[PDB]
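Asks: Have a look at this one.
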Amino acid sequence: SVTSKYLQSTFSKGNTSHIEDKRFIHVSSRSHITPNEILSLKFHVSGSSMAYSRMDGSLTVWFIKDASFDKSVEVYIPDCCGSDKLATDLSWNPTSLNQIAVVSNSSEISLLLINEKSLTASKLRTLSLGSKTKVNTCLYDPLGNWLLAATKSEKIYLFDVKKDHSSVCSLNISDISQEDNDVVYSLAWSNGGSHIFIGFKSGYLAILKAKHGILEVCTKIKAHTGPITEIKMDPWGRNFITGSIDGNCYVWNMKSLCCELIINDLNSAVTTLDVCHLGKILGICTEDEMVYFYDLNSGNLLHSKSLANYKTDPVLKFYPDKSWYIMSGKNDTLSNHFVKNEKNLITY
Amino acid sequence: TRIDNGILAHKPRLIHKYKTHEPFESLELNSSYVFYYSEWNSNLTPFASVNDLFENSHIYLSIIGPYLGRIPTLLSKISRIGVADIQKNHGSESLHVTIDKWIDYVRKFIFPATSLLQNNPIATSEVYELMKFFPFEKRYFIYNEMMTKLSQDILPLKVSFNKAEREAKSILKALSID
Amino acid sequence: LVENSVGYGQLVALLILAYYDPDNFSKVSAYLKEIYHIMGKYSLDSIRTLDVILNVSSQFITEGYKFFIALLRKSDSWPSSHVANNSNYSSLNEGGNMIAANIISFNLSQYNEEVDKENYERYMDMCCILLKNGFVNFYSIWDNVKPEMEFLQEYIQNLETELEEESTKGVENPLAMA
Amino acid sequence: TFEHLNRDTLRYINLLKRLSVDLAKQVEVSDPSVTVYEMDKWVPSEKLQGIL
Amino acid sequence: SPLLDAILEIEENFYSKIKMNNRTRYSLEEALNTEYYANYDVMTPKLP
Amino acid sequence: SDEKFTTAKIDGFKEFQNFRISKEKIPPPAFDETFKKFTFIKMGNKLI
């Protein structure tokens, strides 16, 4: 019951700060409009940086140095990756401390090294592929050993990041799916780059081996009856969580690959999910503008809330180095959460 | 991973091991609990061949009865064993023998169990992924027998069927365009 | 216990020592000789002293079970010429040490006060350990614990009827009723 | 003499596991593969062990 | 009365010595690692 | 336990007068190791 009180305190009068971004001051001036979006938001591994990209085209990055974003510098940058094209996915390159990979639904993958002394985001390199190929998702092996780039259909590329991003291998999606017109919806890496977990739209789930740089199909299981939205992994490495649009959220055992626990209070589709860095609490953002916080070990609801028709598409992410979580606010504005006197659950 | 003096540094996570009286292992947020009597599995020998699985099913599963459904994972494990055993000899001439034998097995031990589940689709998906290999005549035989003779004349199955039926009617009275 | 206080005092204190000794495993024989010397000096009984050993042993059973079982294995309160089997259908009721069976079947039926409700778990676990190394045969314990077979069958018939009725008839869950 | 010998024996046995005092347990592991550490299998360096 | 008083004072000194040893060791082993966060509850003796 | 043993002795140790030592000869159980048969009706029911 300690975790329930902790979450309640994290939802209190204080212990909360508004992330002061461009959209925040925009709403402050125009309220005291059509909300663009938040395409994606992804931390650095060491828990001391953050990056995200709205629909306008501008990607913000913060260098966390304070709790309530007091002394946190902010490198705002205009619509990068072209003037017409906007960013859709980014990976933070766990190898170094500054590099970033960004994709813009085009045939060009941009590698930019963000600098903190100035506000200059200088394009370091651009990678290109076949002219028709339209990739939109990039990923980094959590050890910084492989890079993955995926299309909505009929292309999957793996580069070796060590040897100057030499194109290592590729694969046609129709060889992985073997169904009628499947479109990969979400990808994820295993803890320590050894396997790639892919969730198609027709419902299937595939596990590809990427040991020595040669992709191969290990297995395919008919997990869900609708498109798979998100795929997350437990940090301890014992189970991986699958959330779908048919209203189900399962947790699969890693050693044996069989369903072990099911979330049953759900009655709506899932838009995203996330699990804390301690592998203890599981946050589900359903489609009825509502968030839930479940317990991983037992599987019973321990906290609920209600978005109340503010920023229809929400986002949730748990810090990789503290028990804090960034959650969307009212009008596409981010809202930090903390307790200001508890860095981790154990200290509580 | 942590950034010290402006350089990355990796470390492993540290956990400790406690011994308790609860049988199922767990990991409560910093430390792992285990059953103390660590040689409880000394008197038992695992299976070596599917034939032994039959021979010992006839003892343990005939006791657990229709309550096998209380543990879904066993359904999945046995069904995947069946699928792999049928796939192993797709070429050979004796495939119909193994098909008949697994038909009898699924009729007598697994299907009554899967009739007991509670809002757990994936387990039934697995059992049907095994069932897909039979002639459809046999699937209709099993389904109809389960409907007519085993819903009645068996208590926990009857309870589960009546609960499901009442719940289905309750939902059916409340279907709307809204 | 209150009849020869000094006596039991020594014994039970000694017992604690054995569980707090790092080399306790290689000094079994010295402990048995000490306990016999004491039981001789102040004329303790055999029954009550077996009970005193069982209690403060069950208190440490978790992580003491190795030394505990070695101790009982070398003491002359161990049935050596008619050891029970407990792993063979034809011998679930032959052999054992019937005095230990009496004391155990007794201590397992005291769940009325408030203090024993928190130690029943450890005591049952110690008996379950003893009940597979052949110290006592199973049926000698089964036939003599509290709930008689007739009261069990009555509770079973009640549960059967209540379940069958609540299944077939069913019950209306009040949502806004009354 | 026998009484002294009995009392000294209890102190010595008590003074082993029950009242023992042990090392700090600072931990650093060379193999990158080890991603989780038991924290009880930590031992002191072989050079220090000989001195102890 | 005074007999029990003295004996309990002595037992208090005993357990105080034990707890002081364990607490100092745990504080050091905790401040010497990244994310140890030792468990102060359990105190059962263990061989060094 | 001492209180329970005292109150048990009070009644004259009658609680140990009844013990019910079993004297049967236990035979090895028999397990049905056969599967049921299938009727002539290939499909489910006569009509189909």
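Scheme for the structure tokens: letters A, B, ... for chains in order shown; per-chain residue numbers from 1; ligand numbers from 1 in order shown.
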Mind checking which residues fall within 10 Å of residue 141 of chain A, counting only C-alpha atoms, ignoring those fewer than 2 positions away in the same chain, and posting them as a PyMOL selection string?
Replies: chain A and resi 91+93-95+139+143-148+161+188-196
Asks: Next, dump the selected residues to file, keeping only C-alpha atoms, as a compact mmCIF listing (two decimals), in the first residue's frame.
Replies:
```
# COMPACT_ATOMS: atom_id res chain seq x y z
CA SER A 91 16.70 7.62 -31.02
CA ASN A 93 22.31 6.77 -29.40
CA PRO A 94 23.30 5.29 -26.01
CA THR A 95 26.92 5.12 -27.21
CA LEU A 139 15.89 2.46 -33.00
CA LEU A 143 24.15 -1.28 -25.86
CA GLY A 144 24.72 0.97 -28.87
CA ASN A 145 25.70 -1.88 -31.19
CA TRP A 146 23.02 -1.96 -33.90
CA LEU A 147 20.61 0.52 -35.47
CA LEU A 148 17.22 -0.41 -36.93
CA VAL A 161 26.83 1.61 -35.60
CA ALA A 188 11.10 -2.80 -29.73
CA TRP A 189 14.50 -4.17 -28.76
CA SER A 190 15.33 -6.82 -26.20
CA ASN A 191 17.44 -6.00 -23.17
CA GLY A 192 20.86 -6.26 -24.75
CA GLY A 193 20.61 -6.36 -28.51
CA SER A 194 19.96 -9.99 -29.34
CA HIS A 195 16.39 -10.08 -30.65
CA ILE A 196 13.89 -7.72 -32.28
```
Asks: At most 10 Å is the cut-off: for each residue in chain F with any atom that close to an atom of chain C, write down the nearest atom pair and the distance in Å rounded to one decimal, counting only C-alpha atoms, chain first then increasing number, as JSON lines.
Replies:
```
{"residue": "F:1", "atom": "CA", "partner": "C:107", "partner_atom": "CA", "distance": 8.6}
{"residue": "F:2", "atom": "CA", "partner": "C:1", "partner_atom": "CA", "distance": 6.1}
{"residue": "F:3", "atom": "CA", "partner": "C:1", "partner_atom": "CA", "distance": 9.3}
{"residue": "F:4", "atom": "CA", "partner": "C:110", "partner_atom": "CA", "distance": 8.8}
{"residue": "F:5", "atom": "CA", "partner": "C:1", "partner_atom": "CA", "distance": 9.1}
{"residue": "F:6", "atom": "CA", "partner": "C:1", "partner_atom": "CA", "distance": 9.3}
{"residue": "F:15", "atom": "CA", "partner": "C:106", "partner_atom": "CA", "distance": 8.4}
{"residue": "F:16", "atom": "CA", "partner": "C:102", "partner_atom": "CA", "distance": 7.4}
{"residue": "F:18", "atom": "CA", "partner": "C:144", "partner_atom": "CA", "distance": 9.0}
{"residue": "F:19", "atom": "CA", "partner": "C:144", "partner_atom": "CA", "distance": 6.7}
{"residue": "F:20", "atom": "CA", "partner": "C:143", "partner_atom": "CA", "distance": 7.0}
{"residue": "F:21", "atom": "CA", "partner": "C:140", "partner_atom": "CA", "distance": 6.7}
{"residue": "F:22", "atom": "CA", "partner": "C:93", "partner_atom": "CA", "distance": 7.1}
{"residue": "F:23", "atom": "CA", "partner": "C:93", "partner_atom": "CA", "distance": 8.1}
{"residue": "F:24", "atom": "CA", "partner": "C:93", "partner_atom": "CA", "distance": 8.4}
{"residue": "F:25", "atom": "CA", "partner": "C:90", "partner_atom": "CA", "distance": 7.5}
{"residue": "F:26", "atom": "CA", "partner": "C:90", "partner_atom": "CA", "distance": 5.2}
{"residue": "F:27", "atom": "CA", "partner": "C:90", "partner_atom": "CA", "distance": 5.7}
{"residue": "F:28", "atom": "CA", "partner": "C:89", "partner_atom": "CA", "distance": 5.5}
{"residue": "F:29", "atom": "CA", "partner": "C:89", "partner_atom": "CA", "distance": 7.5}
```
Asks: With N, CA, C and O atoms retained, export the selected residues as a PDB file, in the first residue's frame.
Replies:
```pdb
ATOM      1  N   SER F   1       2.087 -24.009  25.619  1.00  0.00           N
ATOM      2  CA  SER F   1       2.115 -25.465  25.594  1.00  0.00           C
ATOM      3  C   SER F   1       2.067 -26.036  27.001  1.00  0.00           C
ATOM      4  O   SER F   1       1.409 -27.052  27.242  1.00  0.00           O
ATOM      5  N   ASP F   2       2.759 -25.399  27.944  1.00  0.00           N
ATOM      6  CA  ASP F   2       2.687 -25.857  29.325  1.00  0.00           C
ATOM      7  C   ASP F   2       1.275 -25.719  29.879  1.00  0.00           C
ATOM      8  O   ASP F   2       0.800 -26.616  30.584  1.00  0.00           O
ATOM      9  N   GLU F   3       0.585 -24.620  29.567  1.00  0.00           N
ATOM     10  CA  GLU F   3      -0.796 -24.479  30.024  1.00  0.00           C
ATOM     11  C   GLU F   3      -1.679 -25.577  29.449  1.00  0.00           C
ATOM     12  O   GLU F   3      -2.497 -26.178  30.162  1.00  0.00           O
ATOM     13  N   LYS F   4      -1.527 -25.857  28.151  1.00  0.00           N
ATOM     14  CA  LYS F   4      -2.336 -26.899  27.530  1.00  0.00           C
ATOM     15  C   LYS F   4      -2.043 -28.261  28.141  1.00  0.00           C
ATOM     16  O   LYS F   4      -2.958 -29.059  28.362  1.00  0.00           O
ATOM     17  N   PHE F   5      -0.775 -28.546  28.439  1.00  0.00           N
ATOM     18  CA  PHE F   5      -0.450 -29.845  29.021  1.00  0.00           C
ATOM     19  C   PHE F   5      -0.980 -29.958  30.442  1.00  0.00           C
ATOM     20  O   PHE F   5      -1.415 -31.038  30.861  1.00  0.00           O
ATOM     21  N   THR F   6      -0.977 -28.857  31.197  1.00  0.00           N
ATOM     22  CA  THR F   6      -1.572 -28.900  32.528  1.00  0.00           C
ATOM     23  C   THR F   6      -3.058 -29.204  32.454  1.00  0.00           C
ATOM     24  O   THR F   6      -3.554 -30.103  33.148  1.00  0.00           O
ATOM     25  N   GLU F  15      -7.155 -37.254  26.691  1.00  0.00           N
ATOM     26  CA  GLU F  15      -7.013 -36.861  25.293  1.00  0.00           C
ATOM     27  C   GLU F  15      -6.147 -37.848  24.522  1.00  0.00           C
ATOM     28  O   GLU F  15      -6.232 -37.925  23.291  1.00  0.00           O
ATOM     29  N   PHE F  16      -5.300 -38.603  25.217  1.00  0.00           N
ATOM     30  CA  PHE F  16      -4.474 -39.618  24.580  1.00  0.00           C
ATOM     31  C   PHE F  16      -5.028 -41.023  24.750  1.00  0.00           C
ATOM     32  O   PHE F  16      -4.362 -41.982  24.358  1.00  0.00           O
ATOM     33  N   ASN F  18      -7.783 -42.150  23.291  1.00  0.00           N
ATOM     34  CA  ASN F  18      -8.270 -42.526  21.974  1.00  0.00           C
ATOM     35  C   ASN F  18      -7.216 -42.159  20.940  1.00  0.00           C
ATOM     36  O   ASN F  18      -6.790 -41.002  20.869  1.00  0.00           O
ATOM     37  N   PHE F  19      -6.792 -43.138  20.145  1.00  0.00           N
ATOM     38  CA  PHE F  19      -5.794 -42.882  19.117  1.00  0.00           C
ATOM     39  C   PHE F  19      -6.115 -43.459  17.745  1.00  0.00           C
ATOM     40  O   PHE F  19      -5.585 -42.942  16.756  1.00  0.00           O
ATOM     41  N   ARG F  20      -6.950 -44.492  17.646  1.00  0.00           N
ATOM     42  CA  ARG F  20      -7.401 -44.987  16.349  1.00  0.00           C
ATOM     43  C   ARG F  20      -6.245 -45.420  15.454  1.00  0.00           C
ATOM     44  O   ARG F  20      -5.968 -44.779  14.438  1.00  0.00           O
ATOM     45  N   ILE F  21      -5.544 -46.481  15.837  1.00  0.00           N
ATOM     46  CA  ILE F  21      -4.492 -47.050  15.002  1.00  0.00           C
ATOM     47  C   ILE F  21      -5.134 -47.859  13.881  1.00  0.00           C
ATOM     48  O   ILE F  21      -5.863 -48.822  14.138  1.00  0.00           O
ATOM     49  N   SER F  22      -4.854 -47.480  12.637  1.00  0.00           N
ATOM     50  CA  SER F  22      -5.416 -48.193  11.499  1.00  0.00           C
ATOM     51  C   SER F  22      -4.766 -49.562  11.350  1.00  0.00           C
ATOM     52  O   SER F  22      -3.563 -49.721  11.557  1.00  0.00           O
ATOM     53  N   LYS F  23      -5.572 -50.556  10.983  1.00  0.00           N
ATOM     54  CA  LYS F  23      -5.091 -51.922  10.848  1.00  0.00           C
ATOM     55  C   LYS F  23      -5.371 -52.534   9.483  1.00  0.00           C
ATOM     56  O   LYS F  23      -5.165 -53.741   9.311  1.00  0.00           O
ATOM     57  N   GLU F  24      -5.827 -51.750   8.513  1.00  0.00           N
ATOM     58  CA  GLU F  24      -6.139 -52.288   7.201  1.00  0.00           C
ATOM     59  C   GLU F  24      -4.863 -52.638   6.440  1.00  0.00           C
ATOM     60  O   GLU F  24      -3.754 -52.254   6.819  1.00  0.00           O
ATOM     61  N   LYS F  25      -5.034 -53.391   5.357  1.00  0.00           N
ATOM     62  CA  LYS F  25      -3.955 -53.686   4.423  1.00  0.00           C
ATOM     63  C   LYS F  25      -4.222 -52.953   3.118  1.00  0.00           C
ATOM     64  O   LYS F  25      -5.164 -53.291   2.394  1.00  0.00           O
ATOM     65  N   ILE F  26      -3.393 -51.961   2.817  1.00  0.00           N
ATOM     66  CA  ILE F  26      -3.665 -51.013   1.740  1.00  0.00           C
ATOM     67  C   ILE F  26      -3.207 -51.580   0.402  1.00  0.00           C
ATOM     68  O   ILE F  26      -2.022 -51.899   0.239  1.00  0.00           O
ATOM     69  N   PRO F  27      -4.097 -51.716  -0.576  1.00  0.00           N
ATOM     70  CA  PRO F  27      -3.706 -52.275  -1.867  1.00  0.00           C
ATOM     71  C   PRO F  27      -3.290 -51.181  -2.830  1.00  0.00           C
ATOM     72  O   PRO F  27      -3.722 -50.028  -2.694  1.00  0.00           O
ATOM     73  N   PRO F  28      -2.464 -51.498  -3.822  1.00  0.00           N
ATOM     74  CA  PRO F  28      -2.040 -50.485  -4.792  1.00  0.00           C
ATOM     75  C   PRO F  28      -3.202 -50.069  -5.676  1.00  0.00           C
ATOM     76  O   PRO F  28      -3.922 -50.925  -6.208  1.00  0.00           O
ATOM     77  N   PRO F  29      -3.413 -48.770  -5.860  1.00  0.00           N
ATOM     78  CA  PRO F  29      -4.586 -48.312  -6.606  1.00  0.00           C
ATOM     79  C   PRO F  29      -4.517 -48.710  -8.071  1.00  0.00           C
ATOM     80  O   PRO F  29      -3.457 -49.042  -8.607  1.00  0.00           O
TER      81      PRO F  29
END
```
Asks: Find the spatial neighbours of residue 322 of chain A, counting only C-alpha atoms, within a cut-off of 12 Å - ignore same-chain residues fewer than 4 positions away - and output them as a VMD selection string.
Replies: (chain A and resid 45 to 48 67 276 to 278 317 to 318 326 337 to 347) or (chain E and resid 35)
Asks: Could you save the residues just selected, with N, CA, C and O atoms, as a PDB file, in the first residue's frame?
Replies:
```pdb
ATOM      1  N   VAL A  45      19.417   7.603 -22.034  1.00  0.00           N
ATOM      2  CA  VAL A  45      19.492   6.452 -21.141  1.00  0.00           C
ATOM      3  C   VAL A  45      19.860   6.892 -19.730  1.00  0.00           C
ATOM      4  O   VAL A  45      19.247   6.453 -18.752  1.00  0.00           O
ATOM      5  N   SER A  46      20.840   7.782 -19.603  1.00  0.00           N
ATOM      6  CA  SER A  46      21.327   8.183 -18.290  1.00  0.00           C
ATOM      7  C   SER A  46      20.371   9.104 -17.547  1.00  0.00           C
ATOM      8  O   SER A  46      20.740   9.623 -16.491  1.00  0.00           O
ATOM      9  N   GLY A  47      19.170   9.331 -18.070  1.00  0.00           N
ATOM     10  CA  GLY A  47      18.162  10.077 -17.341  1.00  0.00           C
ATOM     11  C   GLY A  47      18.449  11.546 -17.152  1.00  0.00           C
ATOM     12  O   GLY A  47      17.834  12.177 -16.291  1.00  0.00           O
ATOM     13  N   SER A  48      19.363  12.117 -17.936  1.00  0.00           N
ATOM     14  CA  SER A  48      19.715  13.528 -17.823  1.00  0.00           C
ATOM     15  C   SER A  48      19.538  14.289 -19.127  1.00  0.00           C
ATOM     16  O   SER A  48      20.290  15.233 -19.386  1.00  0.00           O
ATOM     17  N   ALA A  67      14.684  19.951 -10.779  1.00  0.00           N
ATOM     18  CA  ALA A  67      13.438  19.205 -10.659  1.00  0.00           C
ATOM     19  C   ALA A  67      12.318  19.871 -11.443  1.00  0.00           C
ATOM     20  O   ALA A  67      11.702  19.245 -12.313  1.00  0.00           O
ATOM     21  N   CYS A 276       7.734   1.482 -14.922  1.00  0.00           N
ATOM     22  CA  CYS A 276       8.773   2.214 -14.213  1.00  0.00           C
ATOM     23  C   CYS A 276      10.117   1.502 -14.309  1.00  0.00           C
ATOM     24  O   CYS A 276      10.211   0.337 -14.700  1.00  0.00           O
ATOM     25  N   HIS A 277      11.173   2.224 -13.930  1.00  0.00           N
ATOM     26  CA  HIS A 277      12.514   1.671 -14.058  1.00  0.00           C
ATOM     27  C   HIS A 277      12.777   0.579 -13.030  1.00  0.00           C
ATOM     28  O   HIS A 277      13.803  -0.103 -13.104  1.00  0.00           O
ATOM     29  N   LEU A 278      11.878   0.401 -12.067  1.00  0.00           N
ATOM     30  CA  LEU A 278      11.987  -0.680 -11.098  1.00  0.00           C
ATOM     31  C   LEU A 278      11.139  -1.887 -11.460  1.00  0.00           C
ATOM     32  O   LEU A 278      11.158  -2.878 -10.725  1.00  0.00           O
ATOM     33  N   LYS A 317       5.579   8.691 -19.865  1.00  0.00           N
ATOM     34  CA  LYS A 317       6.920   8.131 -19.858  1.00  0.00           C
ATOM     35  C   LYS A 317       7.505   8.249 -18.460  1.00  0.00           C
ATOM     36  O   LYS A 317       7.433   9.305 -17.831  1.00  0.00           O
ATOM     37  N   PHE A 318       8.083   7.152 -17.983  1.00  0.00           N
ATOM     38  CA  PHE A 318       8.682   7.081 -16.657  1.00  0.00           C
ATOM     39  C   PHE A 318      10.180   7.304 -16.777  1.00  0.00           C
ATOM     40  O   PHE A 318      10.821   6.763 -17.682  1.00  0.00           O
ATOM     41  N   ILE A 326       6.811  11.987 -16.869  1.00  0.00           N
ATOM     42  CA  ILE A 326       6.289  13.117 -17.619  1.00  0.00           C
ATOM     43  C   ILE A 326       4.966  12.737 -18.266  1.00  0.00           C
ATOM     44  O   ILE A 326       4.872  11.736 -18.988  1.00  0.00           O
ATOM     45  N   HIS A 337       5.944  15.431 -12.892  1.00  0.00           N
ATOM     46  CA  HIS A 337       5.408  14.975 -11.619  1.00  0.00           C
ATOM     47  C   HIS A 337       6.543  14.453 -10.754  1.00  0.00           C
ATOM     48  O   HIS A 337       7.449  13.779 -11.251  1.00  0.00           O
ATOM     49  N   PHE A 338       6.491  14.759  -9.461  1.00  0.00           N
ATOM     50  CA  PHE A 338       7.479  14.244  -8.521  1.00  0.00           C
ATOM     51  C   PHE A 338       6.946  14.270  -7.096  1.00  0.00           C
ATOM     52  O   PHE A 338       5.737  14.417  -6.888  1.00  0.00           O
ATOM     53  N   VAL A 339       7.824  14.091  -6.111  1.00  0.00           N
ATOM     54  CA  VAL A 339       7.441  14.208  -4.707  1.00  0.00           C
ATOM     55  C   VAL A 339       8.426  15.138  -4.008  1.00  0.00           C
ATOM     56  O   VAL A 339       8.197  15.565  -2.871  1.00  0.00           O
ATOM     57  N   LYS A 340       9.541  15.428  -4.682  1.00  0.00           N
ATOM     58  CA  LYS A 340      10.522  16.423  -4.258  1.00  0.00           C
ATOM     59  C   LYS A 340      11.313  15.980  -3.034  1.00  0.00           C
ATOM     60  O   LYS A 340      12.244  16.673  -2.608  1.00  0.00           O
ATOM     61  N   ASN A 341      10.960  14.827  -2.452  1.00  0.00           N
ATOM     62  CA  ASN A 341      11.716  14.312  -1.316  1.00  0.00           C
ATOM     63  C   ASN A 341      11.884  12.797  -1.381  1.00  0.00           C
ATOM     64  O   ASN A 341      12.133  12.160  -0.352  1.00  0.00           O
ATOM     65  N   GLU A 342      11.751  12.207  -2.565  1.00  0.00           N
ATOM     66  CA  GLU A 342      11.861  10.760  -2.747  1.00  0.00           C
ATOM     67  C   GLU A 342      12.386  10.495  -4.153  1.00  0.00           C
ATOM     68  O   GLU A 342      11.624  10.481  -5.123  1.00  0.00           O
ATOM     69  N   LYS A 343      13.698  10.280  -4.260  1.00  0.00           N
ATOM     70  CA  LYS A 343      14.299  10.009  -5.561  1.00  0.00           C
ATOM     71  C   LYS A 343      13.830   8.673  -6.121  1.00  0.00           C
ATOM     72  O   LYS A 343      13.582   8.548  -7.325  1.00  0.00           O
ATOM     73  N   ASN A 344      13.698   7.663  -5.265  1.00  0.00           N
ATOM     74  CA  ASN A 344      13.300   6.335  -5.702  1.00  0.00           C
ATOM     75  C   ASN A 344      12.264   5.776  -4.741  1.00  0.00           C
ATOM     76  O   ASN A 344      12.097   6.263  -3.620  1.00  0.00           O
ATOM     77  N   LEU A 345      11.561   4.741  -5.201  1.00  0.00           N
ATOM     78  CA  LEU A 345      10.546   4.102  -4.369  1.00  0.00           C
ATOM     79  C   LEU A 345      11.151   3.521  -3.097  1.00  0.00           C
ATOM     80  O   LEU A 345      10.523   3.556  -2.033  1.00  0.00           O
ATOM     81  N   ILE A 346      12.361   2.967  -3.190  1.00  0.00           N
ATOM     82  CA  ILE A 346      12.972   2.306  -2.036  1.00  0.00           C
ATOM     83  C   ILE A 346      13.179   3.303  -0.905  1.00  0.00           C
ATOM     84  O   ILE A 346      12.960   2.991   0.270  1.00  0.00           O
ATOM     85  N   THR A 347      13.608   4.521  -1.246  1.00  0.00           N
ATOM     86  CA  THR A 347      13.811   5.544  -0.224  1.00  0.00           C
ATOM     87  C   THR A 347      12.523   5.827   0.534  1.00  0.00           C
ATOM     88  O   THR A 347      12.552   6.150   1.727  1.00  0.00           O
TER      89      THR A 347
ATOM     90  N   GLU E  35      23.421   2.129  -6.097  1.00  0.00           N
ATOM     91  CA  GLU E  35      21.997   2.055  -5.792  1.00  0.00           C
ATOM     92  C   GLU E  35      21.720   0.864  -4.874  1.00  0.00           C
ATOM     93  O   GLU E  35      20.807   0.074  -5.090  1.00  0.00           O
TER      94      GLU E  35
END
```
Asks: Please, which residues of chain E lie no more than 12 Å from chain B when the count uses only C-alpha atoms, and can they be set out as an MDAnalysis selection string?
Replies: chainID E and resid 30 33:39 42 44
Asks: Applying 10 Å and only C-alpha atoms, which residues near segment 117-124 of chain A remain after dropping the ones on its own chain fewer than 4 positions away? List them as a list in words.
Replies: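 These residues fall inside the cut-off: residues 73, 74, 75, 76, 77, 78, 80, 81, 99, 100, 110, 111, 112 and 113 of chain A.
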Asks: How about saving the chosen residues, N, CA and C atoms kept, as a short mmCIF file (atom, residue, chain, number, x, y, z; two decimals), in the first residue's frame?
Replies:
```
data_model
loop_
_atom_site.label_atom_id
_atom_site.label_comp_id
_atom_site.auth_asym_id
_atom_site.auth_seq_id
_atom_site.Cartn_x
_atom_site.Cartn_y
_atom_site.Cartn_z
N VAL A 73 18.54 24.16 -19.23
CA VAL A 73 18.67 24.83 -20.52
C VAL A 73 17.76 24.14 -21.53
N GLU A 74 17.47 24.84 -22.62
CA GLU A 74 16.56 24.34 -23.65
C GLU A 74 17.06 24.76 -25.02
N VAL A 75 17.48 23.79 -25.83
CA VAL A 75 17.92 24.09 -27.18
C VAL A 75 16.74 23.97 -28.14
N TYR A 76 15.97 25.04 -28.27
CA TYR A 76 14.91 25.08 -29.27
C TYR A 76 15.54 25.18 -30.66
N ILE A 77 14.94 24.49 -31.62
CA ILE A 77 15.44 24.54 -32.99
C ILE A 77 14.26 24.54 -33.95
N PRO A 78 14.34 25.25 -35.08
CA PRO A 78 13.21 25.29 -36.03
C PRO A 78 13.04 23.98 -36.77
N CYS A 80 13.58 21.14 -38.34
CA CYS A 80 14.72 20.41 -38.86
C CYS A 80 14.27 19.30 -39.80
N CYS A 81 15.25 18.69 -40.47
CA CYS A 81 15.00 17.66 -41.47
C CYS A 81 14.12 18.20 -42.60
N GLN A 99 24.83 12.48 -29.65
CA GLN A 99 24.29 12.18 -30.97
C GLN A 99 22.80 11.87 -30.90
N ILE A 100 22.12 12.06 -32.02
CA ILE A 100 20.70 11.79 -32.16
C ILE A 100 20.42 11.34 -33.58
N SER A 110 18.69 11.41 -40.47
CA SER A 110 19.58 12.51 -40.12
C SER A 110 20.22 12.24 -38.76
N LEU A 111 21.54 12.32 -38.70
CA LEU A 111 22.30 12.18 -37.47
C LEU A 111 22.84 13.55 -37.10
N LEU A 112 22.34 14.09 -35.99
CA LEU A 112 22.73 15.43 -35.56
C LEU A 112 23.31 15.38 -34.16
N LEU A 113 24.41 16.08 -33.95
CA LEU A 113 24.99 16.19 -32.61
C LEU A 113 24.59 17.51 -31.97
#
```
Asks: Could you work out which residues of chain A fall inside 12 Å of chain B? Count only C-alpha atoms, and format the result as a count of residues only.
Replies: 58
Asks: I want to know what sits within 8 Å of residue 46 of chain E, based on only C-alpha atoms, with residues of the same chain fewer than 2 positions away left out; could you give that as a VMD selection string?
Replies: (chain D and resid 17 to 18) or (chain E and resid 44 48)
Asks: With only C-alpha atoms counted and 12 Å as the cut-off, give the residues of chain D in contact with chain C, each with its shortest interatomic distance in Å and the pair that gives it, as a tab-separated table.
Replies:
```
residue	atom	partner	partner_atom	distance
D:9	CA	C:17	CA	11.3
D:10	CA	C:17	CA	8.5
D:11	CA	C:17	CA	11.1
D:12	CA	C:21	CA	10.1
D:13	CA	C:21	CA	6.3
D:14	CA	C:20	CA	7.4
D:15	CA	C:21	CA	9.7
D:16	CA	C:22	CA	7.2
D:17	CA	C:22	CA	6.1
D:18	CA	C:20	CA	6.8
D:19	CA	C:20	CA	10.5
D:20	CA	C:22	CA	11.2
```
Asks: Can you list, as a count of residues only, every protein, DNA or RNA residue that comes within 9 Å of residue 104 of chain C when you count only C-alpha atoms, leaving out same-chain residues fewer than 4 positions away?
Replies: 8
Asks: Give me the residues near residue 62 of chain B as a PDB file with C-alpha atoms, in the first residue's frame, where near means some atom within 8 Å (using only C-alpha atoms) and where sequence neighbours in that chain fewer than 4 positions away do not count.
Replies:
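Here's the written file selection_26.pdb:
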```pdb
ATOM      1  CA  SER B  57      -1.308 -37.523 -17.359  1.00  0.00           C
ATOM      2  CA  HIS B  58      -3.475 -40.554 -16.645  1.00  0.00           C
ATOM      3  CA  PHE B 109      -8.152 -34.027 -20.711  1.00  0.00           C
TER       4      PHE B 109
END
```
Asks: So which residues of chain B fall under helix (DSSP H, G or I) by DSSP, listed as a PyMOL selection string?
Replies: chain B and resi 40-42+50-70+72-88+95-114+121-131+136-150+155-172
